[PDB]
């Protein structure tokens, strides 16, 4: 399974990815990923139990969540893998990601409604069901709520941080995980959510298919951090209240630990990953 930069997909690969995503939606399987995600967004807290977000297990949790989704896509078309969006490189509304043959573009100015591409509400193929804002169409405002996506220099400054995470293991932490997540510092992953806008700015962000491509690139940046820091590893490593330690199992699966997810190559490789 090779996860490819979205910018590099062939037209056949874009077609097959879109068709597989639309079939998971039609069959009812897609929306349960959205619902699981929002339940962890609302439950992960800085002063209580935290698993999917604002915590060291943000990275392995999303790695397993994306693997579950990729496996669902491969049950519809075994050739499909999750592409990744390098938003430090493909940083304008003109990127091919946002063309009508892939994810469609930004929302129109009055209501945020996406008007083109396969996920536009007018197609009848992308109802927004699991939602908090009651409107039922995909919305985006690319660049509307924050001026710029992160740059490669900003990504490199976060990749240089040697500690994986640090006490208190939450949104106040220094260290790599929280700078990648974006609650402190120049802000990588959270700012991308804000830049897309629409459902991507909410706890039901997996309503936009770009969610998966954003997280596939966040996941690639974890793999890049590990190659840069082969001497550094997941923390904490035992007996931490409310935080998933290295060898502790993680909800909702309960049958997998961060330790089982550190090495992505057990599951997929990237088109390119520079080596250490």
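Numbering follows the first chain given and starts at 1.
Look at the C-alpha B-factors of 150-158 and of 78-86. On average they run higher in 150-158. When the C-alpha B-factors of 235-243 and 26-34 are averaged, 235-243 comes out higher. For the set 110, 141, 199, 122, the maximum C-alpha B-factor listed in the entry falls on 110. Highest CA B-factor among the listed residues (174, 181, 133, 116): 174.
When the modelled residues of the chain are ordered by their C-alpha B factor, residue 228 lands in the highest third. Placement of the Cα temperature factor of residue 262 within the chain: middle third of the modelled residues, per the deposited record. Among all modelled residues in its chain, residue 44 ranks in the middle third by Cα B-factor. Residue 127 sits in the lowest third of its chain by CA B factor, as recorded in the PDB entry.
Residue-level temperature factors show residue 105 in the middle third of its chain, judged at the C-alpha atom.
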